[PDB]
Amino acid sequence: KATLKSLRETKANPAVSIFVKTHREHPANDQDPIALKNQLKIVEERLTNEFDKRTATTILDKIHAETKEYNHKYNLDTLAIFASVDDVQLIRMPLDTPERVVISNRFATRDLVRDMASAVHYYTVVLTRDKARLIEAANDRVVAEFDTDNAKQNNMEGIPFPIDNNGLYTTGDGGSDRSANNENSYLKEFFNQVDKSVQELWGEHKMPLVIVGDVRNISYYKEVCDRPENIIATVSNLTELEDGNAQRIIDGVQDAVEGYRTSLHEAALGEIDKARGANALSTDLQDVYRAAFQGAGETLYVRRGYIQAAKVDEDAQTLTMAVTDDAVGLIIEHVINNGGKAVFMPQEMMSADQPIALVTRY
Amino acid sequence: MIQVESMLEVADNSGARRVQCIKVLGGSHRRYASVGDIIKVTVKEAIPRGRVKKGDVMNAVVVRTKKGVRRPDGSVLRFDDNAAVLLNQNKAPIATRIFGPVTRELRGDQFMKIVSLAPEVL
Amino acid sequence: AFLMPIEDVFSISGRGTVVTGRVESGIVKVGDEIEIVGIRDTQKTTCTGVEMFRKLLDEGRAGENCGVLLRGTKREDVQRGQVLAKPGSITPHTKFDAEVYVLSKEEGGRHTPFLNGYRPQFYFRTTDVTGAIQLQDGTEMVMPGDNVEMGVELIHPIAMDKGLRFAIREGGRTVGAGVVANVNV
RNA sequence: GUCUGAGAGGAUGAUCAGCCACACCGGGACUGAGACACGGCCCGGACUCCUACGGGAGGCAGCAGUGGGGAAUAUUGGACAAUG
RNA sequence: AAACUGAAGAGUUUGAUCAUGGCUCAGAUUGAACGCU
RNA sequence: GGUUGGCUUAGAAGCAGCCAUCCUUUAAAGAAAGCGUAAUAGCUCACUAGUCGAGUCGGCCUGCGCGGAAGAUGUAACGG
């Protein structure tokens with residue numbers, strides 16, 4: 001059970017979630033073993049205090065049987081351990097979380113939820129005066145390259161990718177002269193055909209696209225695009241457009257992808273304001289928890305690191321200030337479980353005085 | 001009569017010494033700025049460790065011109081230099097001292113601060 | 001007595017720390033012994049002048065927007081929210097009983113009712129402060145439009161006494177009004 | 001002279017006493033036995049303030065004291081009774 | 001009569017040793033600051 | 001009226017969707033043809049009775065018409 005679709009459904013007791021700040025490079029990862037030891041120390045002490053020593057010992061030996069072969073030279077940003085009385089699942093995440101221990105019925109999966117909510121799937125259109133390429137990219141990896149062996153190009157009414165610019169002027173025949181200065185018009189029409197192929201492929205999937213290429217090529221394409229509202233980013237400082245591989249292109253578009261995610265988080269503020277005006281936004285922790293538990297909330301807006309402990313009972317729907325170690329984690333779990341959405345807004349865009357908001361369904 | 005690419009002295013202590021007009025504001029094809037008219041400037045010469053630095057693009061108001069300003073009786077009033085006072089984003093003065101005289105065309109609401117801080121007003 | 005909510009805190013070299021506001025009661029004069037009661041512990045000072053528009057004033061009385069110098073006190077030991085009271089006139093409190101009237105949807109307010117454990121913002125004179133509402137024993141809900149006597153626990157002390165009105169917001173949207181009926185300890 | 005050192009040396013030049021230099025910055029002098037004058041003058045300058053916008057004023061490195069800087073250094077006291 | 005009175009070493013390189021040699025410490029002092037009192 | 005049909009779903013109450021279309025007071029009333037609600041609520045409809053009083057309703061085919069119908073020197077797409 002290494003996935004979010006299994007952690008939320010393994011409802012053990014006690015369910016122990018341990019988070020360790022790890023490092024990818026040396027000697028920063030030199031203190032990763034010590035951090036792991038300290039987190040397991042507090043885990044053992046709390047488990048003995050809250051439960052029996054036998055159930056602390058079985059859990060800790062199970063964690064140790066899996067962490068004894070851990071290589072700390074291959075650590076990502078966070079090491080998450082999900083331990084039970086019977087199973088232990090440890091996963092490495094490129095997300096940064098604050099080191100903590102959560103002992104509850106369910107596994108603390110708000111970091112997995114945030115990582116999945118930050119997911120961006122997009123197209124990369126790589127332009128050149130000589131060719132066009134199309135890549136499908138998920139977050140920071142290439143999904144596919146759109147070459148000859150693909151299903152999405154089987155039944156195509158346009159030129160399939162990779163598209164060569166075999167214009168009559170490029171080969172030197174066809175009925176045109178260089179003294180006519182038609183080259184810009186030729187580039188515009190070639191990019192128009194490229195956009196035709198892009199739209200044909202996009203109609204079956206409908207994801208935002210990033211335009212990569214020279215500034216002039218991007219210009220011509222933007223003026224020629226049939227659906228220019230779906231364009232979310234343009235990068236003109238990416239190198240080796242014709243020979244570099246898809247992973248290299250996706251590596252080079254990551255700054256623009258992050259800027260796009262930031263723009264989405266900025267846009268979320270307007271919807272929060274609309275809910276506040278319509279009287280459908282709850283910002284108190286008690287009200288937010290009650291609405292989330294009774295399934296009244298459609299969107300949650302957390303401040304990306306707003307952990308809070310409280311006394312929560314699901315009988316009178318009360319939340320008194322400190323117990324549950326992550327009351328915000330419980331709110332996120334209820335919102336997700338009742339078919340809602342969770343948005344983890346950045347700190348510089350959501351105030352620390354009001355770090356949680358809930359757009360309710362009524 | 002100040003147009004784009006004309007240089008101006010700075011009649012204030014914002015830190016700038018010379019500014020260059022890069023836009024006469026207030027109209028599609030507007031040609032000249034006289035005294036009291038708002039211009040976009042680039043700072044070409046700034047005092048070390050001042051508030052503005054060389055290359056800032058900001059607002060200024062023309063305060064004196066070599067071409068001169070006309071008066072209702074038909075008199076003209078000419079200065080030996082073209083000078084400007086730097087403004088903030090809301091077109092409000094950013095200085096606390098004014099150098100040299102100004103004219104009464106700055107009288108009003110926004111540039112009353114320049115008028116009150118000027119050594120002499122004509 | 002004399003009371004002035006502190007609005008702005010700045011300083012003049014040679015003269016000292018000037019705390020401008022609006023005098024709501026009494027008068028202030030050069031030599032008056034005063035106290036700063038509010039967010040932090042009470043600090044006892046003396047008045048060394050009153051001015052307005054960079055001009056010395058004869059005396060500042062209730063109604064005008066006068067500013068006042070404080071003797072010795074520095075400009076990080078006073079902040080917007082405390083009040084310059086006359087010694088012993090008022091006391092800094094964090095627990096009280098109110099006559100809170102919850103706004104209804106028609107006037108703004110909310111659809112949801114106030115419930116015990118709710119921590120809205122409390123606007124006393126010229127300062128907001130988080131405070132937990134504790135409904136009087138025998139009640140777990142307060143519908144909008146009603147008006148009941150609850151007990152408020154502020155996070156940090158606010159100078160107040162029985163009679164002071166205040167507003168309860170939840171984001172800049174007013175969700176209730178109230179008047180302190182009794183201060184506790 | 002002070003600290004250190006057995007000494008020779010080394011480090012240092014608060015408080016007390018002698019000498020020198022300076023008095024917001026640059027410059028000039030007047031009066032006088034004595035000054036190029038800390039709480040005098042003239043000119044210029046920066047800064048601060050008053051103005052009726054024409055013009056004016058000012059200098060705590062005196063003693064208290066303020067703001068500021070700082071790790072950090074005090075009273076907005078009394079008397080000329082004593083020595084000057 | 002007197003002003004003529006004053007001088008300590010230790011630890012640490014080596015398997016051990018002697019030497020060399022740096023580092024460190026025990027003293028005195030202050031217009032001292034900070035912490036506890 | 002059983003009844004918020006069962007399921008599903010945060011909620012699914014005639015009216016998101018999936019599976020039946022049953023019964024009762026009936027002159028008649030769909031486990032509902034629409035609007036509406038987060039869901040209920042609410043407004044209609046189908047249907048029935050009453051009023052009035054004579055023809056009326058909806059498909060099919062066929063002829064001729066209408067819209068769909070924006071361009072560059074000047075009407076300028078009957079030669080007038």
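Residue numbers begin at 1 in each chain, while the letters A, B, ... track the order of the sequences. When reading the values below, keep in mind they use all heavy atoms of this one structure, side chains included, and skip hydrogens, waters and symmetry mates.
An anti base is found at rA57(D): its glycosidic angle is more than 90° from 0. Classified by its glycosidic torsion, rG6(E) falls in the syn category, the angle being within 90° of 0. Taking the syn range as angles within 90° of 0, the glycosidic angle of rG34(D) is outside it, so the base is anti. Regarding the sugar-base torsion, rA7(E) falls in the anti class, its angle being beyond 90° of 0. Shown here, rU21(F) is classed syn by the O4'-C1'-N9-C4 or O4'-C1'-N1-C2 angle, which is within 90° of 0.
In this structure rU75(F) sits in no base pair that meets the Watson-Crick or G-U test at under 3.5 Å. The partner of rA19(E), taking Watson-Crick or G-U wobble pairs whose two distances both stay under 3.5 Å, does not exist in any strand shown. Of all nucleotides present, none satisfies the Watson-Crick or G-U wobble test against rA8(D) with each distance under 3.5 Å. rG44(D) and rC25(D) make up a base pair, with Watson-Crick or G-U wobble contacts both under 3.5 Å. Base pairing analysis places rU66(D) opposite nothing; no Watson-Crick or G-U wobble pair with both distances below 3.5 Å involves it.
For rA27(F) with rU9(F), the Watson-Crick or G-U wobble criterion does not hold with each of the two distances under 3.5 Å. If you check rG1(D) against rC60(D), you find neither a Watson-Crick nor a G-U wobble pair with both contacts below 3.5 Å. The bases of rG30(F) and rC45(F) line up as a Watson-Crick or G-U pair, and both contact lengths stay under 3.5 Å. Taking 3.5 Å as the upper bound for both contacts, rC60(F) does not pair with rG50(F) in Watson-Crick or G-U wobble fashion. Using the rule of two distances under 3.5 Å, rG22(E) and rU12(E) count as a Watson-Crick or G-U wobble pair. Pairing check for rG17(F) against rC7(F): the Watson-Crick or wobble criterion is satisfied, both distances under 3.5 Å. Under the 3.5 Å cutoff applied to both distances, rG42(F) and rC35(F) qualify as a Watson-Crick or G-U wobble pair. Pairing check for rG9(E) against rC25(E): the two satisfy the Watson-Crick or G-U wobble geometry, each of the two atom distances being under 3.5 Å.
The salt bridge (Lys or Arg N to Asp or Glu O under 4.0 Å) contacts involving residues 65-84 of chain C comprise nothing, where partners must be two or more places apart or lie in separate chains. Among pairs with a residue in residues 101-122 of chain B, those fulfilling salt bridge (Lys or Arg N to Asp or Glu O under 4.0 Å) read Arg71(B)-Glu105(B), at least two apart in sequence or across chains.
Between the P atoms of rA64(D) and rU76(D), the separation comes to 12 Å (whole Å). Remark: the separation of the P atoms in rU3(F) and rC15(F) is 16 Å, to the nearest Å. The P atoms of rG58(D) and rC63(D) are separated by 23 Å, rounded to the nearest whole Å. Spacing of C1' atoms, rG11(F) relative to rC23(F), comes out at 29 Å, to the nearest Å. Nucleotides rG77(D) and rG65(D) place their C1' atoms 13 Å apart, quoted to the nearest Å. Annotation: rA46(F) and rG14(F) have their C1' atoms spaced 12 Å apart (nearest Å). Taking the P atoms as reference points, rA6(D) lies 7 Å from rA8(E), given to the whole Å. Using P as the reference atom, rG13(D) and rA2(E) are 40 Å apart when rounded to the nearest Å.
Both conditions hold for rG45(D) and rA46(D), whose six-membered rings have centres under 5.5 angstrom apart and planes under 30 degrees, so their bases stack. Base stacking between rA74(D) and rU75(D) is absent, since the six-membered rings fail either the under 5.5 Å centre distance or the under 30° plane angle. Adjacent nucleotides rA35(D) and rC36(D) fail the stacking criterion: their six-membered base rings are not both under 5.5 Å apart at the centres and under 30° between the planes. Consecutive residues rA29(F) and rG30(F) form an unstacked step, taking six-membered ring centres below 5.5 angstrom and planes below 30 degrees as the test. Under a stacking criterion requiring six-membered ring centres under 5.5 Å apart and planes under 30°, the adjacent bases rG31(E) and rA32(E) are classed as not stacked.
Residues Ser11(C) and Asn13(B) each lie close to RNA chain D; by heavy-atom proximity, the contact nearer the 5' end of the strand is made by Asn13(B). Where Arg54(C) and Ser116(B) meet RNA chain D, the nucleotide closest to each residue was compared, and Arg54(C) sits on the side nearer the 5' end.
The pair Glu33(C)-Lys44(C) does not count as a salt bridge, with every side-chain nitrogen at least 4.0 angstrom from each carboxylate oxygen.
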Might you work through the salt bridge (charged side-chain N to carboxylate O under 4.0 Å, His left out) test for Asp81(B) and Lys66(B), ending with a clear yes or no? CA-CA 5 Å; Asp81(B) 73 327; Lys66(B) 283 200 75 183; over 6 Å; no

Applying salt bridge (charged side-chain N to carboxylate O under 4.0 Å, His left out) to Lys196(A) and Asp226(A), what does each step give before you reach the verdict? CA-CA 8 Å; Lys196(A) 288 310 191 171; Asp226(A) 286 9; 2.7 Å; yes

Check step by step if salt bridge (charged side-chain N to carboxylate O under 4.0 Å, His left out) holds for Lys11(A) and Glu9(A). CA-CA 6 Å; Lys11(A) 239 56 143 164; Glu9(A) 309 46 48; over 6 Å; no

Is there a side chain to side chain donor-acceptor pair (under 3.5 Å) between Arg227(A) and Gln199(A)? Walk through the geometry before answering. CA-CA 8 Å; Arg227(A) 277 183 262 266; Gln199(A) 294 320 324; 3.1 Å; yes

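North puckering is assigned to the sugar ring of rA81(D), since its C1'-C2'-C3'-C4' angle is above zero. Sugar pucker of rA6(D): north, since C1'-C2'-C3'-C4' comes out positive. Nucleotide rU75(D) shows a negative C1'-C2'-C3'-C4' value and thus a south, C2'-endo-like sugar. Judged by the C1'-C2'-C3'-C4' torsion, the sugar of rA17(D) sits on the north side, since the angle is positive. In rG59(D), the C1'-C2'-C3'-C4' torsion is negative, which places the sugar in the south family.
By the 4.5 Å heavy-atom criterion applied to side chains, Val23(C) and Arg61(C) are not counted as neighbours.
Among the atoms of the strands shown, none is found under 4.0 Å from any heavy atom of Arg71(C).
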Give me, pair by pair, the N or O atoms of the protein and of nucleotides 7-11 of chain F that are less than 3.5 Å apart, along with how far apart they are.
| residue | atom | partner | partner atom | Å |
| --- | --- | --- | --- | --- |
| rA10(F) | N3 | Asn338(A) | O | 3.2 |

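Boundaries of the chain C contact region on RNA chain D are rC50(D) to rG67(D), first to last in 5' to 3' order (nucleotide atom under 4.0 Å from a heavy atom).
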Solution key, residues 296-304 of chain A side-chain donor-acceptor pairs under 3.5 Å, sequence neighbours excluded:
| residue | atom | partner | partner atom | Å |
| --- | --- | --- | --- | --- |
| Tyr301(A) | OH | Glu271(A) | OE2 | 3.3 |
| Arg303(A) | NH1 | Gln347(A) | O | 2.6 |
| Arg303(A) | NH1 | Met350(A) | O | 2.3 |
| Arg304(A) | NH1 | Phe344(A) | O | 3.0 |

With a 3.5 Å cut-off and sequence neighbours excluded, list the donor-acceptor pairs that the side chains of residues 5-16 of chain C form with protein atoms.
| residue | atom | partner | partner atom | Å |
| --- | --- | --- | --- | --- |
| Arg15(C) | NH2 | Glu51(C) | OE1 | 3.1 |

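Considering only residues two or more places apart in sequence or on other chains, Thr65(B) meets the side-chain hydrogen bond (donor to acceptor under 3.5 Å, both in side chains) condition with none of them. By the side chain to side chain contact (heavy atoms under 4.5 Å, CB included) test, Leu330(A) pairs with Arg106(A), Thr324(A), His334(A), sequence neighbours left out. Here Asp287(A) pairs with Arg110(C) under the salt bridge (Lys or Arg N to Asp or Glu O under 4.0 Å) rule; sequence neighbours left out.
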